[PDB]
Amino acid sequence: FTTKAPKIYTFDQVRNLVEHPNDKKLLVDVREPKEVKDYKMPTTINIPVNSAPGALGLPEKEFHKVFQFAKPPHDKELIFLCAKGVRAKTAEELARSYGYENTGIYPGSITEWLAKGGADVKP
């Protein structure tokens, strides 16, 4: 549980990460899967904080069974996209509580992201 606050990312830094994925980093969408149906930011993984706040503490095999992707290694940088309210802030704090000490945050919401032209951002 480090004291290092998450690195703040901007629209362009997230647009660059979506267009050119980096194996060191992962963009984490913390919205509910119900909201991801409206728009999923490409290359993101969905870890809903309201539904499963202890998700990043799950055992590896059960994480893959519950979410159908690999539990990220603890060296990966998890960049939490904003939702609205304190969801992303809570998910980042929970990630650091589970050994994920390399974290980031994109303060913009999905609505803010789509308003700035993120709908056609693709890899």
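In case it trips you up, residue 1 is the first one in the sequence shown, and so on.
**Q** Would you tell me which stretch averages the higher CA B-factor in the PDB entry, 43-51 or 82-90?
**A** For C-alpha atoms only, the mean B-factor is higher in 82-90.
**Q** What stretch has the higher average Cα B-factor here, 19-27 or 100-108?
**A** Mean B over CA atoms: larger for 19-27.
**Q** If you rank the chain by CA B-factor, which third does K76 end up in: lowest, middle or highest?
**A** Middle third - that is where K76 ends up once the chain's C-alpha B-factors are sorted.
**Q** Taking the entry's C-alpha B-factors for this chain, is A5 in the lowest, middle or highest third?
**A** As the PDB entry reports it, the C-alpha B-factor of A5 lands in the middle third of its chain.
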